[PDB]
A.B. asks: 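My questions all concern the structure below.
Excluded from the calculations below are hydrogen atoms, water molecules and symmetry mates; all remaining heavy atoms, backbone and side chain alike, are included. Note that ligands are numbered from 1 as they come in the structure, with each ligand's atoms numbered from 1 the same way. The first residue of the sequence shown is numbered 1, and numbering continues consecutively from there.
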Amino acid sequence: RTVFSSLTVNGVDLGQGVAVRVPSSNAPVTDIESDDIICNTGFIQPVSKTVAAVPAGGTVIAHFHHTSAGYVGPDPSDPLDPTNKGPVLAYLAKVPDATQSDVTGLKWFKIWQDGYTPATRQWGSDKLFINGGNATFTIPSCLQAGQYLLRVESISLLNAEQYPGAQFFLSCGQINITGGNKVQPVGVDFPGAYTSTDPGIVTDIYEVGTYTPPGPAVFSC
Ligand SMILES: *[C@@H]1O[C@H](CO)[C@@H](O[C@@H]2O[C@H](CO)[C@@H](O[C@@H]3O[C@H](CO)[C@@H](O)[C@H](O)[C@@H]3O)[C@H](O)[C@H]2NC(C)=O)[C@H](O)[C@H]1NC(C)=O
Ligand SMILES: *[C@H]1O[C@H](CO)[C@@H](O)[C@H](O)[C@@H]1O
Ligand SMILES: [Cl-]
Ligand SMILES: [Cl-]
């Protein structure tokens, strides 16, 4: 179990819960056809009305911790329980207002993921753990400036031998991309992009040889 609950933008920590819609607990989303797959559910109120200004090309850290509280000292399952092998993924969607409550019907493009490396048997979850919950990635430099949601997700495949089984731990950050260019990427639907036939979602981790994370290929400029 894990929760994305804070952001750093080009080395500046924004603060616990700031510009993130933080779920009330670390309970997983398990239904890929639920609207809960978009940005989770049951947000801590009142939800932040901060929209983090981020230059296109800028470096963002999405901070995962074991619980919705963020860092509360030593915990062997902070940022996640390391037995919970799986990928880490980041997506953006262009939105009219990054504080708007309705997150349905958006078009999500993947900007980063950390899957599995067979030769080292290392998962993105392992790297996330080593990195103290820091999922660090850059915002594509060519993107159209404006308001976006930043969906960052940790998937535990520990029990993903059938569907339902995969456990999805995700939140949406609220960002305002500045500078940039004019690229408006093709995105996918949530729900929709993840299906019960995807070997990225239905996976026996004790029988993994190669692994491909679910969803579209990573967008690059
Ligand atoms: C995960 O990310 C956190 C949150 O940003 C990392 O902590 C931060 O690390 C930075 C960069 O090394 C520290 O910056 C330094 O600040 C000191 C003064 O406080 C200054 O003298 C240096 O010039 C430098 O800019 C920052 O202080 C620190 N912020 C925290 C701890 O809140 C953390 O290291 C990352 N964890 C892992 C395992 O990578
Ligand atoms: C954000 O900052 C990182 C270093 O923290 C760079 O690697 C990246 O190019 C971007 O400037
Ligand atoms: Cl746990
Ligand atoms: Cl460009």
Side-chain angles (χ1 to χ4, degrees), residues 1-20 22-30 36 40-42 44 48 50 52-92 110-114 120 122-143 145 148 150 152-160 164-171 173-181 183 205 218-221:
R1 295 188 172 216
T2 193
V3 178
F4 160 34
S5 65
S6 68
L7 286 163
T8 302
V9 174
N10 283 328
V12 179
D13 298 325
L14 302 191
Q16 180 61 30
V18 171
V20 182
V22 184
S24 284
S25 80
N26 60 13
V29 177
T30 58
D36 292 358
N40 214 321
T41 182
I44 305 178
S48 180
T50 297
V54 190
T59 302
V60 171
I61 313 177
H63 294 284
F64 289 82
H65 289 289
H66 183 196
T67 79
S68 66
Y71 184 69
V72 288
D75 170 2
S77 300
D78 186 41
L80 51 77
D81 175 339
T83 66
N84 291 194
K85 304 314 188 187
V88 190
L89 311 90
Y91 298 78
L92 289 171
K110 187 187 287 175
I111 63 162
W112 172 88
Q113 63 192 353
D114 198 358
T120 64
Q122 192 177 49
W123 292 87
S125 61
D126 296 317
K127 297 177 180 176
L128 190 58
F129 188 85
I130 289 160
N131 286 332
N134 293 359
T136 306
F137 46 82
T138 60
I139 302 305
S141 66
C142 63
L143 291 177
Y148 289 77
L150 172 58
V152 192
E153 170 174 55
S154 170
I155 307 176
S156 174
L157 298 175
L158 180 56
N159 299 312
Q167 295 170 70
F168 304 83
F169 303 101
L170 65 132
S171 307
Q174 303 177 159
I175 71 171
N176 174 24
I177 300 183
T178 65
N181 208 339
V183 179
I205 60 167
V218 170
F219 166 88
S220 67
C221 289

A.B. asks: Are there any N/O pairs under 3.5 Å between ligand 2 and the protein, and if so, what are their distances?
C.D. replies:
{"unit_1": "ligand 2", "atom_1": "2 (O)", "unit_2": "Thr59", "atom_2": "OG1", "d": "2.4"}

A.B. asks: When you measure from atom 2 (O) of ligand 1 to the protein, is at least one non-hydrogen atom found at a distance under 4.0 Å?
C.D. replies: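 Given the 4.0 Å limit, the answer for atom 2 (O) of ligand 1 is yes, a protein heavy atom qualifies.
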A.B. asks: Main chain of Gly42, side chain of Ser24: is a donor-acceptor contact present, judged purely on distance under 3.5 Å?
C.D. replies: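 Between the backbone of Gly42 and the side chain of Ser24 there is a qualifying donor-acceptor contact (under 3.5 Å).
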A.B. asks: Any protein heavy atom sitting closer than 4.0 Å to atom 7 (O) of ligand 1?
C.D. replies: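 No, no protein heavy atom sits under 4.0 Å from atom 7 (O) of ligand 1.
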A.B. asks: Check whether any protein heavy atom sits under 4.0 Å from atom 18 (C) of ligand 1.
C.D. replies: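 No; the ligand atom in question lacks any protein heavy-atom contact below 4.0 Å.
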A.B. asks: Are the side chains of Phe137 and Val152 in contact, using a 4.5 Å heavy-atom criterion?
C.D. replies: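 Side chain of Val152 against side chain of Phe137, heavy atoms only: contact under 4.5 Å found.
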A.B. asks: When you compare the side chain of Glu153 with that of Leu89, does any pair of heavy atoms fall below 4.5 Å?
C.D. replies: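 Answer yes - side chains close enough.
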A.B. asks: Is there at least one protein heavy-atom neighbour under 4.0 Å from atom 14 (O) of ligand 1?
C.D. replies: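 Given the 4.0 Å limit, the answer for atom 14 (O) of ligand 1 is no, no protein heavy atom qualifies.
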A.B. asks: Considering all heavy atoms of both residues, which atom of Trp112 and which atom of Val88 are nearest to each other, and what is their separation?
C.D. replies: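 Closest approach of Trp112 to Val88, heavy atoms only: CZ3-CG1, 3.6 Å.
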A.B. asks: Could you list the atoms of ligand 1 found under 4.0 angstrom from a heavy atom of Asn131?
C.D. replies: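 Selected atoms, number and element: 36 (N), 37 (C), 38 (C), 39 (O).
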A.B. asks: Which option wins on minimum heavy-atom distance to atom 37 (C) of ligand 1: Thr136, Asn134, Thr8?
C.D. replies: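 Comparing heavy atoms across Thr136, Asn134, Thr8, the nearest one to atom 37 (C) of ligand 1 lies in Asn134.
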A.B. asks: Please tell me if atom 35 (C) of ligand 1 is touched by the protein, where touching means a protein heavy-atom distance below 4.0 Å.
C.D. replies: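 Given the 4.0 Å cut-off, atom 35 (C) of ligand 1 counts as touching protein heavy atoms.
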A.B. asks: Under 3.5 Å, side chain of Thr50 to main-chain N/O of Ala19, donor-acceptor pair present?
C.D. replies: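 No; judged by distance alone, with no hydrogens or angles, the pair does not exist.
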A.B. asks: Distance only, no hydrogens: is a donor on one side chain within 3.5 Å (strictly under) of an acceptor on the other, for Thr67 and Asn26?
C.D. replies: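 Judged by distance alone, the side chains do not pair up.
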A.B. asks: Go through ligand 1 atom by atom and flag the ones less than 4.0 Å from a non-hydrogen atom of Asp13.
C.D. replies: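 Those of ligand 1 that fall under 4.0 Å from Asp13 are 4 (C), 5 (O), 29 (N), 30 (C), 32 (O).
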A.B. asks: With heavy-atom distances below 4.5 Å as the criterion, would you say the side chains of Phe219 and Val183 are in contact?
C.D. replies: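 Yes; the side chains approach each other to less than 4.5 Å.
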A.B. asks: Could you tell me whether atom 27 (O) of ligand 1 has at least one protein heavy atom nearer than 4.0 Å?
C.D. replies: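 Looking at atom 27 (O) of ligand 1, one finds that no protein heavy atom lies closer than 4.0 Å.
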A.B. asks: Answer with yes or no whether the side chains of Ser5 and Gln16 bring together a donor and an acceptor at under 3.5 Å.
C.D. replies: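 Distance-only check passes for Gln16 and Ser5.
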A.B. asks: Compare every heavy atom of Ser6 with every heavy atom of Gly17, then report the nearest pair and how far apart it is.
C.D. replies: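 Where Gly17 meets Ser6 most closely, the heavy atoms are N-CB, 4.3 Å.
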A.B. asks: Under 4.0 Å from atom 11 (C) of ligand 1, is there any protein heavy atom?
C.D. replies: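 No; the ligand atom in question lacks any protein heavy-atom contact below 4.0 Å.
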A.B. asks: Quick one: does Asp78's side chain get under 4.5 Å of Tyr71's, heavy atoms only?
C.D. replies: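 The answer is yes, as the side chains (C-beta and beyond) meet within the 4.5 Å cut-off.
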A.B. asks: Within the 3.5 Å criterion, strictly below it, is a donor on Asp81 or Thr83 matched to an acceptor on the partner's side chain?
C.D. replies: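 Side chains of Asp81 and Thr83: pair found under 3.5 Å.
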A.B. asks: Measuring to protein heavy atoms, does anything land under 4.0 Å from atom 24 (C) of ligand 1?
C.D. replies: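 Within 4.0 Å of atom 24 (C) of ligand 1, no protein heavy atoms are found.
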